[PDB]
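Chemist: What follows is a single structure, and I will ask about it in a moment.
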Amino acid sequence: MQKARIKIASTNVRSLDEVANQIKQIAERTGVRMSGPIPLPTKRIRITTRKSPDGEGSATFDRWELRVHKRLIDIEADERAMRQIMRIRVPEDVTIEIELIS
Amino acid sequence: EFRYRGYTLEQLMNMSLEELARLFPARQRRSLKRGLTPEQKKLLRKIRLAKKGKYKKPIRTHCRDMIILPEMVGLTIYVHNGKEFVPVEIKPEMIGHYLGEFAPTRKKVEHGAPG
Amino acid sequence: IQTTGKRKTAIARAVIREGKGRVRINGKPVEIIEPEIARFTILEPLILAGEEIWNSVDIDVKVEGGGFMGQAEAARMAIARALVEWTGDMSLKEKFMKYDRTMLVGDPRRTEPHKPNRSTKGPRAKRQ
Amino acid sequence: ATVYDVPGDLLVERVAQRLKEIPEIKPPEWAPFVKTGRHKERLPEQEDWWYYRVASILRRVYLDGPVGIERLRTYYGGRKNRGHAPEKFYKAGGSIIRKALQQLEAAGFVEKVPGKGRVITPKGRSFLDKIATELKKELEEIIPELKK
Amino acid sequence: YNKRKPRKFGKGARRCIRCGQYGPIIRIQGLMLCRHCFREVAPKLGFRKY
Amino acid sequence: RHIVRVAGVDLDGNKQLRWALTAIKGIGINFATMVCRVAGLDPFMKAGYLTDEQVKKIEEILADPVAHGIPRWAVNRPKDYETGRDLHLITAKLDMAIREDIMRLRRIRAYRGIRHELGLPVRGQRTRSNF
RNA sequence: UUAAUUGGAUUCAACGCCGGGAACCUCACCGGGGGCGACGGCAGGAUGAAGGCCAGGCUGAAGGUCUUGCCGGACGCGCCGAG
RNA sequence: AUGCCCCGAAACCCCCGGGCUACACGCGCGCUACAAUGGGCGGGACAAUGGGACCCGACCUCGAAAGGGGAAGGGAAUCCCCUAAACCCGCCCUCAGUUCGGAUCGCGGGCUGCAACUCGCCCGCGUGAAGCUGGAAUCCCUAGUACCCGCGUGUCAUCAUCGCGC
């Protein structure tokens with residue numbers, strides 16, 4: 001048996017959910033075992049910078065954040081099933097990386 | 001007589017550069033192992049031609065980092081302190097030291113009435 | 001029967017079955033834990049449970065995260081929950097409640113994030 | 001009973017005194033003239049300090065299994081005073097535990113798994129659990145509660 | 001003679017993309033932005049406050 | 001022996017030998033420990049039972065530490081400037097060595113010599129407020 | 001004090017602040033060296049480089065400078081407006 | 001960004017060096033202590049946050065360490081930094097400017113950069129002082145907070161006693 005692993009990474013939660021739902025709906029339509037989307041840890045990039053452009057006054061800090069979410073979808077080997085995924089309309093902010101594990 | 005690590009200046013003369021550097025501290029020996037700068041090598045050409053007499057110019061320099069070897073002994077060289085070329089004459093006792101040590105750049109500070 | 005305990009960051013997973021009475025922490029015997037105060041915190045609940053319940057069941061608790069006091073408190077938490085589930089008796093439940101409310105409730109206390117103006121020393125510390 | 005059923009310090013002491021017998025374990029000629037770690041400030045006090053290290057190291061192999069030199073260096077490291085600067089943690093030196101581990105390999109108690117470290121042979125497991133059984137049998141008489 | 005010498009290291013090596021200042025540049029995963037320059041573009045990059 | 005003279009310097013017998021040897025300048029605790037180990041004696045014994053042949057053994061250890069098993073890196077002045085040899089100096093020899101180094105730095109007219117002349121910090125310490 | 005220790009900041013709200021790291025770079029200080037000054041007009045051009053170049057001297061050194069003479073095969077000295 | 005003025009072989013641009021560190025000094029904020037709850041040898045259980053391709057580098061080897069060589073695997077839930085310190089136990093030293101306290105200075109070795117004398121860090125040895133509880137006065141904080149403990153990270157080839165965070 002051969003398994004296809006799909007990593008879906010995006011800042012926007014709703015776009016990630018939409019793409020995952022699209023893959024899911026393709027799955028049972030194609031009738032192939034499709035392991036549910038496992039939400040891996042969401043990576044949190046944090047940057048702390050002084051607010052004051054100059055040096056005078058009180059010292060104050062601003063903490064800006066990115067939360068990038070990531071879900072894992074494992075599906076089984078059926079060429080029809082894995083043919084229907086390049087045809088998916090993918091939003092710009094969502095990145096999909098598909099690999100093949102034995 | 002002058003002795004350096006149990007060897008005299010003339011004994012120091014005949015030692016190869018590697019064996020000579022083995023007498024130097026870790027800083028200077030490792031600096032030598034890493035290789036002199038091309039500007040340092042030009043200055044070495046200058047001083048060596050001076051020691052053979054061909055180079056008659058009063059010899060200046062900017063390379064404060066040029067580590068004094070026994071072969072520079074007995075020559076007058078003028079190191080740039082930042083504003084002018086302060087003169088130094090190399091006695092045998094500067095083997096194992098940098099030129100910039102003997103090229104003063106900061107003047108004496110004494111204390112007067114506070115503002 | 002399975003039970004869980006959370007204290008600060010330490011998390012203790014406890015499993016209780018019928019057995020002689022062997023109690024193990026991370027697979028280690030209870031009586032040998034070097035910090036004696038932590039040994040007493042771990043021993044606290046089954047003291048009031050009774051030697052009969054002690055010698056009627058075997059317990060294995062595995063704890064991860066936090067420090068040794070936090071780990072001991074998590075094991076203390078999980079032991080009480082395991083006992084009250086195994087026996088299914090409210091008498092010892094109220095016994096523990098009377099002895100310590102957190103025994104079956106637990107402490108949801110968490111460390112506040114540090115804040116600027118010399119953040120290294122804490123959320124509220126500032127310069128002179 | 002296993003090593004898990006006895007205190008670490010008592011078992012380490014027992015393993016050290018037992019391993020004093022085996023000729024495979026011998027301090028190197030540089031051992032008395034080197035301190036156990038960079039973080040340490042004063043040289044080791046007792047002349048037995050070598051063997052306790054070996055007794056310690058094998059115990060770690062009984063628990064951590066495949067372990068390399070650097071992981072033990074982090075373990076045996078400690079806090080060091082930086083003068084007026086605040087203290088800081090540092091790893092332990094490598095040569096001491098390397099010689100101890102290579103002697104252990106010569107002693108046959110431990111083996112090497114390349115790319116993963118060194119692990120404990122069955123002979124070492126039997127040695128350690130024998131010592132632990134004796135120690136627990138004694139502490140059963142001193143402490144009856146360990147019979148449980 | 002007019003070419004600046006190639007500095008891979010030091011403050012001179014890195015210059016802000018936007019304003020070009022040689023001072024504080026944030027390099028967390030490849031920004032190359034002056035600390036002043038970061039505040040006006042962080043919202044554009046998708047940064048949010050929390 | 002409440003008083004024990006070794007190498008021209010007295011030590012208290014109440015201190016342990018590794019603790020007693022510290023009173024000599026040129027010897028720290030680690031040097032005392034390693035020389036005691038060279039002697040094959042307990043580092044923790046009281047110095048007041050030091051029978052004299054041990055005193056002479058420690059003395060000849062001081063005379064040539066390298067040949068007695070001590071490596072080249074436990075001495076205070078490895079690769080001595082006028083012999084090329086790693087030697088452990090003591091007392092007046094140590095004072096003369098540092099004194100000669102001071103006049104050497106002065107004679108070469110190095111910055112370190114200048115600081116030693118003016119009694120100023122050598123190694124870049126900031127002195128606008130400090131010192 | 002220094003040739004120079006580049007400047008700002010004055011209690012609350014200036015003084016591990018701008019500097020969020022000064023060996024070069026940062027650089028704004030000081031000393032020394034070197035190159036220019038867009039584009040127009042006056043004049044020149046190419047008859048040949050404006051730029052580099054051996055051997056040197058000066059030059060810390062850098063055809064930077066000059067002795068020497070080549071290229072380079074192409075338009076750029078100097079003054080004014082203005083950069 | 002940009003008003004006005006000025007600077008045009010300079011107040012334009014490029015290169016070397018010094019300097020920005022210099023100090024009888026006062027002041028600001030911190031660091032380490034002014035030892036017995038002390039100092040030290042052995043041993044044990046113990047976390048989190050973030051970061052990782054000219055990178056993390058497990059693992060192996062040599063060196064006493066600083067480090068040198070080889071090196072799997074890792075572009076990250078999967079490999080690495082990764083393990084802690086404060087804690088206790090067993091034992092040794094035993095209230096003394098001394099063991100604490102280390103400023104300070106000499107030698108050797110290692111590390112980054114082409115270059116650390118001005119002006120780096122680290123290691124081994126030697127010296128290693130002031131410091132033995134601080135008047136007037138004023139500073140912060142009210143719960144997982146204060147104190148104590150260490151760690152990660154920003155700047156970072158190297159530089160922290162800094163900031164942010166755990």
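Following the order of the structure tokens, chains are lettered A, B, ..., residues in each are numbered from 1, and ligands are numbered from 1.
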List as a list in words the protein and nucleic acid residues near segment 115-124 of chain C, meaning an atom at most 8 Å away when only C-alpha atoms (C1' of nucleotides) are counted, but skip any in the same chain fewer than 2 places from it.

Modeler: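 These residues fall inside the cut-off: residues 59, 60 and 61 of chain A; 112, 113, 126 and 127 of chain C; 141, 145, 163, 164 and 165 of chain H.
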
Chemist: Contacts of segment 36-43 of chain A at 12 Å or less, counting only C-alpha atoms (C1' of nucleotides), minus same-chain residues fewer than 2 places along, as a ChimeraX atom specification?

Modeler: /A:5-13,16-25,27-28,33-34,45-46,65-76 /H:50,76-77

Chemist: Residues within 12 Å of residue 61 of chain D, please, as a ChimeraX atom specification. Count only C-alpha atoms (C1' of nucleotides); anything in the same chain fewer than 2 positions from it doesn't count.

Modeler: /D:3,54-59,63-69,71-72,101,104,109-112,117-122,124-125,128

Chemist: Just to be explicit: take each residue in the selection above, keep C-alpha atoms, and write the result as a CSV table (one decimal), in the first residue's frame.

Modeler:
chain,number,residue,atom,x,y,z
D,3,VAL,CA,18.2,-0.5,40.2
D,54,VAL,CA,32.4,5.2,36.3
D,55,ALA,CA,29.8,3.8,38.7
D,56,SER,CA,27.7,6.9,37.9
D,57,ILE,CA,28.1,6.5,34.2
D,58,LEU,CA,27.1,2.9,34.0
D,59,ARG,CA,24.0,3.8,36.1
D,63,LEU,CA,18.4,4.2,32.4
D,64,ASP,CA,19.1,6.4,29.4
D,65,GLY,CA,20.2,3.5,27.2
D,66,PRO,CA,21.8,4.9,24.0
D,67,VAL,CA,23.8,7.9,25.1
D,68,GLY,CA,26.7,9.8,23.6
D,69,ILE,CA,29.5,11.8,25.1
D,71,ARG,CA,24.6,14.2,26.5
D,72,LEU,CA,26.7,13.0,29.5
D,101,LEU,CA,33.4,4.8,28.8
D,104,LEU,CA,33.9,0.2,30.3
D,109,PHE,CA,29.7,-4.2,30.4
D,110,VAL,CA,28.7,-1.7,27.8
D,111,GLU,CA,28.6,-1.8,24.0
D,112,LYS,CA,28.5,0.8,21.2
D,117,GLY,CA,25.8,6.2,21.6
D,118,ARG,CA,26.6,3.3,24.0
D,119,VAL,CA,24.2,0.9,25.7
D,120,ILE,CA,24.4,-1.6,28.5
D,121,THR,CA,25.2,-5.3,27.9
D,122,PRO,CA,23.3,-8.1,29.6
D,124,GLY,CA,26.1,-5.2,33.2
D,125,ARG,CA,22.4,-5.5,33.7
D,128,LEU,CA,23.6,-4.0,38.5

Chemist: Using only C-alpha atoms (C1' of nucleotides), find the residues of chain D whose closest atom to chain H is at most 6 Å away, then write them as a PDB file with N, CA, C and O atoms, in the first residue's frame.

Modeler:
ATOM      1  N   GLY D   8      19.635   6.195  44.447  1.00  0.00           N
ATOM      2  CA  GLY D   8      20.732   6.358  43.511  1.00  0.00           C
ATOM      3  C   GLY D   8      22.086   6.408  44.192  1.00  0.00           C
ATOM      4  O   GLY D   8      23.039   5.772  43.740  1.00  0.00           O
ATOM      5  N   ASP D   9      22.190   7.160  45.289  1.00  0.00           N
ATOM      6  CA  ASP D   9      23.491   7.362  45.920  1.00  0.00           C
ATOM      7  C   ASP D   9      24.039   6.067  46.506  1.00  0.00           C
ATOM      8  O   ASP D   9      25.226   5.760  46.340  1.00  0.00           O
ATOM      9  N   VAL D  34      43.683  16.656  36.942  1.00  0.00           N
ATOM     10  CA  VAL D  34      42.660  17.348  36.171  1.00  0.00           C
ATOM     11  C   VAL D  34      41.372  17.339  36.981  1.00  0.00           C
ATOM     12  O   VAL D  34      41.023  16.317  37.583  1.00  0.00           O
ATOM     13  N   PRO D  44      38.983  17.752  42.571  1.00  0.00           N
ATOM     14  CA  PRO D  44      38.251  16.735  43.331  1.00  0.00           C
ATOM     15  C   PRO D  44      38.941  16.398  44.643  1.00  0.00           C
ATOM     16  O   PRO D  44      40.169  16.325  44.724  1.00  0.00           O
ATOM     17  N   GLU D  45      38.126  16.191  45.678  1.00  0.00           N
ATOM     18  CA  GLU D  45      38.652  15.987  47.021  1.00  0.00           C
ATOM     19  C   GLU D  45      39.223  14.585  47.184  1.00  0.00           C
ATOM     20  O   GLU D  45      40.420  14.419  47.441  1.00  0.00           O
ATOM     21  N   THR D  74      26.545  17.291  29.180  1.00  0.00           N
ATOM     22  CA  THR D  74      25.472  18.160  29.649  1.00  0.00           C
ATOM     23  C   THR D  74      24.970  17.704  31.008  1.00  0.00           C
ATOM     24  O   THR D  74      24.682  18.531  31.880  1.00  0.00           O
ATOM     25  N   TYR D  75      24.847  16.392  31.207  1.00  0.00           N
ATOM     26  CA  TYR D  75      24.359  15.906  32.492  1.00  0.00           C
ATOM     27  C   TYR D  75      25.324  16.237  33.621  1.00  0.00           C
ATOM     28  O   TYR D  75      24.919  16.800  34.645  1.00  0.00           O
ATOM     29  N   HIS D  84      32.499  38.768  39.111  1.00  0.00           N
ATOM     30  CA  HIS D  84      31.426  39.735  39.296  1.00  0.00           C
ATOM     31  C   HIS D  84      30.241  39.450  38.385  1.00  0.00           C
ATOM     32  O   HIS D  84      29.103  39.758  38.753  1.00  0.00           O
ATOM     33  N   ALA D  85      30.476  38.874  37.210  1.00  0.00           N
ATOM     34  CA  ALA D  85      29.372  38.512  36.343  1.00  0.00           C
ATOM     35  C   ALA D  85      28.551  37.399  36.995  1.00  0.00           C
ATOM     36  O   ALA D  85      29.067  36.650  37.830  1.00  0.00           O
ATOM     37  N   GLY D 115      26.150   5.894  15.824  1.00  0.00           N
ATOM     38  CA  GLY D 115      25.148   6.889  15.520  1.00  0.00           C
ATOM     39  C   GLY D 115      24.120   7.106  16.605  1.00  0.00           C
ATOM     40  O   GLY D 115      23.234   7.952  16.432  1.00  0.00           O
ATOM     41  N   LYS D 116      24.201   6.366  17.714  1.00  0.00           N
ATOM     42  CA  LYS D 116      23.238   6.497  18.797  1.00  0.00           C
ATOM     43  C   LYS D 116      23.863   6.501  20.183  1.00  0.00           C
ATOM     44  O   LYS D 116      23.180   6.902  21.130  1.00  0.00           O
TER      45      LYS D 116
END

Chemist: Please check the contacts: residues of chain B at most 9 Å away from chain H, using only C-alpha atoms (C1' of nucleotides), listed as a ChimeraX atom specification.

Modeler: /B:25-26,35-38,62-65,80-83,97-107,109-112,114

Chemist: I'd like the contact shell of segment 30-34 of chain E - 12 Å cut-off, only C-alpha atoms (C1' of nucleotides), skipping same-chain residues fewer than 5 positions apart - returned as JSON, numbers by chain.

Modeler: {"A": [47, 49, 50, 53], "E": [13, 14, 15, 16, 17, 18, 19, 20, 21, 22, 23, 24, 25, 39, 40, 41, 42, 45], "G": [20]}

Chemist: Would you work out the distance separating atom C1' of residue 58 of chain G from atom CA of residue 57 of chain B, expressed in Å to one decimal?

Modeler: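 We find that atom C1' of residue 58 of chain G and atom CA of residue 57 of chain B lie 9.4 Å from each other.
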
Chemist: Enter the distance from atom CA of residue 14 of chain F to atom CA of residue 31 of chain F, in Å, rounded to one decimal.

Modeler: 19.3 Å

Chemist: Can you tell me, as a PyMOL selection string, what residues are no more than 7 Å from residue 102 of chain A when counting only C-alpha atoms (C1' of nucleotides), ignoring any on the same chain fewer than 2 positions away?

Modeler: chain A and resi 1-3+100

Chemist: Can you write out as a tab-separated table which residues of chain H fall within 10 Å of chain E, alongside each residue's closest atom pair and its distance in Å to one decimal, counting only C-alpha atoms (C1' of nucleotides) and ordering rows by chain and ascending residue number?

Modeler:
residue	atom	partner	partner_atom	distance
H:13	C1'	E:2	CA	7.5
H:14	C1'	E:2	CA	4.3
H:15	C1'	E:1	CA	7.4
H:51	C1'	E:28	CA	9.9
H:113	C1'	E:9	CA	8.5
H:154	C1'	E:26	CA	8.1
H:155	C1'	E:24	CA	7.7
H:156	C1'	E:10	CA	9.5
H:157	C1'	E:9	CA	7.1

Chemist: Just write the chosen residues, N, CA, C and O atoms (P, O5', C5', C4', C3', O3' and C1' of nucleotides), as a PDB file, in the first residue's frame.

Modeler:
ATOM      1  P     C H  13      29.025  62.318   1.022  1.00  0.00           P
ATOM      2  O5'   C H  13      29.829  61.313   0.085  1.00  0.00           O
ATOM      3  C5'   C H  13      29.162  60.578  -0.930  1.00  0.00           C
ATOM      4  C4'   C H  13      30.134  59.993  -1.923  1.00  0.00           C
ATOM      5  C3'   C H  13      31.156  59.018  -1.361  1.00  0.00           C
ATOM      6  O3'   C H  13      30.644  57.706  -1.207  1.00  0.00           O
ATOM      7  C1'   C H  13      32.247  60.587  -2.746  1.00  0.00           C
ATOM      8  P     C H  14      31.186  56.760  -0.028  1.00  0.00           P
ATOM      9  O5'   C H  14      32.677  56.402  -0.462  1.00  0.00           O
ATOM     10  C5'   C H  14      32.932  55.381  -1.417  1.00  0.00           C
ATOM     11  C4'   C H  14      34.408  55.228  -1.695  1.00  0.00           C
ATOM     12  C3'   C H  14      35.283  54.804  -0.526  1.00  0.00           C
ATOM     13  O3'   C H  14      35.249  53.412  -0.276  1.00  0.00           O
ATOM     14  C1'   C H  14      36.309  56.595  -1.674  1.00  0.00           C
ATOM     15  P     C H  15      35.766  52.841   1.133  1.00  0.00           P
ATOM     16  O5'   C H  15      37.326  53.171   1.143  1.00  0.00           O
ATOM     17  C5'   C H  15      38.249  52.344   0.453  1.00  0.00           C
ATOM     18  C4'   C H  15      39.676  52.673   0.812  1.00  0.00           C
ATOM     19  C3'   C H  15      40.038  52.594   2.286  1.00  0.00           C
ATOM     20  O3'   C H  15      40.288  51.277   2.737  1.00  0.00           O
ATOM     21  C1'   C H  15      40.907  54.585   1.370  1.00  0.00           C
ATOM     22  P     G H  51      11.114  31.510  16.698  1.00  0.00           P
ATOM     23  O5'   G H  51      12.585  30.970  16.432  1.00  0.00           O
ATOM     24  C5'   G H  51      13.710  31.780  16.728  1.00  0.00           C
ATOM     25  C4'   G H  51      14.990  30.992  16.669  1.00  0.00           C
ATOM     26  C3'   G H  51      15.178  30.122  15.443  1.00  0.00           C
ATOM     27  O3'   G H  51      15.585  30.850  14.303  1.00  0.00           O
ATOM     28  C1'   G H  51      15.768  28.899  17.368  1.00  0.00           C
ATOM     29  P     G H 113      36.715  33.162  11.086  1.00  0.00           P
ATOM     30  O5'   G H 113      37.083  34.666  10.728  1.00  0.00           O
ATOM     31  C5'   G H 113      36.102  35.524  10.174  1.00  0.00           C
ATOM     32  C4'   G H 113      36.462  36.972  10.356  1.00  0.00           C
ATOM     33  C3'   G H 113      37.767  37.422   9.729  1.00  0.00           C
ATOM     34  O3'   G H 113      37.668  37.636   8.333  1.00  0.00           O
ATOM     35  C1'   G H 113      37.611  38.280  11.922  1.00  0.00           C
ATOM     36  P     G H 154      17.865  35.165  18.206  1.00  0.00           P
ATOM     37  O5'   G H 154      17.307  36.590  18.652  1.00  0.00           O
ATOM     38  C5'   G H 154      16.234  37.208  17.958  1.00  0.00           C
ATOM     39  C4'   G H 154      16.278  38.705  18.111  1.00  0.00           C
ATOM     40  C3'   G H 154      17.588  39.364  17.715  1.00  0.00           C
ATOM     41  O3'   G H 154      17.636  39.625  16.324  1.00  0.00           O
ATOM     42  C1'   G H 154      16.859  40.198  19.817  1.00  0.00           C
ATOM     43  P     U H 155      18.878  39.144  15.433  1.00  0.00           P
ATOM     44  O5'   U H 155      19.967  40.281  15.662  1.00  0.00           O
ATOM     45  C5'   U H 155      19.649  41.642  15.418  1.00  0.00           C
ATOM     46  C4'   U H 155      20.472  42.561  16.282  1.00  0.00           C
ATOM     47  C3'   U H 155      21.979  42.373  16.208  1.00  0.00           C
ATOM     48  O3'   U H 155      22.546  43.043  15.096  1.00  0.00           O
ATOM     49  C1'   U H 155      21.289  42.578  18.473  1.00  0.00           C
ATOM     50  P     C H 156      23.925  42.534  14.453  1.00  0.00           P
ATOM     51  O5'   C H 156      23.709  40.969  14.289  1.00  0.00           O
ATOM     52  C5'   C H 156      24.810  40.110  14.060  1.00  0.00           C
ATOM     53  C4'   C H 156      25.474  39.723  15.352  1.00  0.00           C
ATOM     54  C3'   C H 156      26.174  38.377  15.360  1.00  0.00           C
ATOM     55  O3'   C H 156      27.448  38.412  14.746  1.00  0.00           O
ATOM     56  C1'   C H 156      24.850  38.583  17.301  1.00  0.00           C
ATOM     57  P     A H 157      27.570  38.386  13.143  1.00  0.00           P
ATOM     58  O5'   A H 157      28.576  37.192  12.851  1.00  0.00           O
ATOM     59  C5'   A H 157      28.185  35.837  13.011  1.00  0.00           C
ATOM     60  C4'   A H 157      29.389  34.977  13.275  1.00  0.00           C
ATOM     61  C3'   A H 157      29.960  35.101  14.681  1.00  0.00           C
ATOM     62  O3'   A H 157      29.370  34.177  15.577  1.00  0.00           O
ATOM     63  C1'   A H 157      31.663  35.527  13.108  1.00  0.00           C
TER      64        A H 157
END

Chemist: DSSP on the backbone, then: every residue of chain B marked strand (DSSP E), written as a list in words.

Modeler: residues 3, 4, 7, 8, 59, 60, 61, 67, 68, 76, 77, 78, 79, 80, 85, 86, 87, 88, 89, 97 and 98 of chain B

Chemist: Selection from above, C-alpha atoms, as a CSV table (one decimal), in the first residue's frame, can you write it?

Modeler:
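The resulting result_31.csv:
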chain,number,residue,atom,x,y,z
B,3,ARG,CA,68.1,36.0,25.5
B,4,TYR,CA,64.7,35.0,24.2
B,7,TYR,CA,68.2,31.8,22.7
B,8,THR,CA,70.1,34.8,21.7
B,59,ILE,CA,60.8,53.7,6.4
B,60,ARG,CA,57.3,54.5,7.5
B,61,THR,CA,54.4,52.1,8.2
B,67,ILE,CA,54.4,41.6,15.0
B,68,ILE,CA,58.1,42.5,15.6
B,76,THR,CA,64.2,52.8,12.7
B,77,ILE,CA,60.6,52.7,11.4
B,78,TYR,CA,57.8,55.3,11.8
B,79,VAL,CA,54.4,54.0,12.7
B,80,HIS,CA,51.3,56.0,12.0
B,85,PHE,CA,54.3,58.7,11.9
B,86,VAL,CA,55.9,58.4,15.4
B,87,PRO,CA,59.4,57.0,15.1
B,88,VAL,CA,60.5,53.8,16.9
B,89,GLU,CA,63.9,52.1,16.9
B,97,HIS,CA,55.2,42.2,20.3
B,98,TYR,CA,53.1,44.3,18.0

Chemist: When you look at segment 95-101 of chain C with a cut-off of 10 Å (counting only C-alpha atoms (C1' of nucleotides)), what residues show up, excluding the ones that are within fewer than 5 positions of it in the same chain? I need them as an MDAnalysis selection string.

Modeler: chainID C and resid 44:46 48:49 80 84 90 106:107

Chemist: With a distance cut-off of 12 Å and only C-alpha atoms (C1' of nucleotides), select the neighbouring residues of residue 105 of chain C, excluding the residue or stretch itself and same-chain residues fewer than 3 positions from it, and output the selection as a ChimeraX atom specification.

Modeler: /C:4-7,74,76-78,80-81,93,96-97,100-102,108-109

Chemist: Atom CA of residue 92 of chain F and atom CA of residue 26 of chain F are how many Å apart?

Modeler: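 We find that atom CA of residue 92 of chain F and atom CA of residue 26 of chain F lie 10.1 Å from each other.
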